[PDB]
Amino acid sequence: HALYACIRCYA
């Protein structure tokens, strides 16, 4: 949804 959570998700 936002770039930062996308990062969280892949991490």
# chains A, B, ... in the order shown; residues from 1 in each chain; ligands from 1
$ select_by_dssp --residues "chain A" --states "helix (DSSP H, G or I)" --output "list in words"
residues 3, 4, 5, 6, 7, 8, 9 and 10 of chain A
